[PDB]
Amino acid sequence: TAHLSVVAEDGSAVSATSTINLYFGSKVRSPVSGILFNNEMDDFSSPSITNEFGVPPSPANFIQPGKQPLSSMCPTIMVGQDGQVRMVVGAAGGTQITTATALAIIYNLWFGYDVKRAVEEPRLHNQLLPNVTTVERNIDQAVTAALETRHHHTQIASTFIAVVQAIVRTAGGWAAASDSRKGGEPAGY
């Protein structure tokens, strides 16, 4: 998955999230065209596959011909009451996409973190099943303590949680940030 955010000079905007699903998709590359094919069929639920311990299938997300599989993707554009874009945001990184997108919005909109900080700020994730709270390596450990004393079992993500690209309107114009977890950098004028 990759997320990209754009704001043009006229104030129009695009939030685009694209994916071939797992790393290198199906692992099928065409020797002639070079196209690397998705494994998006894996995003369906299957009745005979035991996905996770104690997690049943979701019948709403079973394979039918012509059906699109459920996705965690959520490319978002926030617009102010005056019609001007306020934030362009989304994420990559599997089931953590939605939680990470929520966190980036919370961080900027409510906690007052500037866009770069909103992107770089440590994240955490819980998706109910499985039943564990994952936190990034550099999270404020007072947060970890607050969670554990409230009976969350936490564990630390061996790499990182998601990748966020974002743009936010400021008095100085359009502030952009790409996530250092993957190494991107924005550009503009």
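Here the rigid core means the biggest group of C-alpha atoms that line up within 1.5 Å when the two forms are laid on top of each other. Note that residue numbering follows the sequence shown and begins at 1.
Greater C-alpha displacement in 8 other deposited structures of this protein (rigid core superposition, RMS over structures and residues), of 46-54 versus 33-41: 46-54. Of the two segments, 17-25 and 165-173, the one listed with the higher mean B-factor is 165-173 (C-alpha atoms only). The stretch with the higher mean CA B factor, choosing between 32-40 and 50-58, is 50-58. In the deposited entry, the Cα temperature factor of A146 places it in the middle third of its chain's modelled residues.
Remark: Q127 belongs to the middle third of its chain, ranked by C-alpha B-factor as recorded.
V7: CA B factor in the middle third of modelled residues in this chain (values from the PDB entry). Looking at the C-alpha B-factors along this chain, the one for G90 belongs to the lowest third. Among all modelled residues in this chain, the alpha-carbon of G80 has a temperature factor (C-alpha) in the lowest third.
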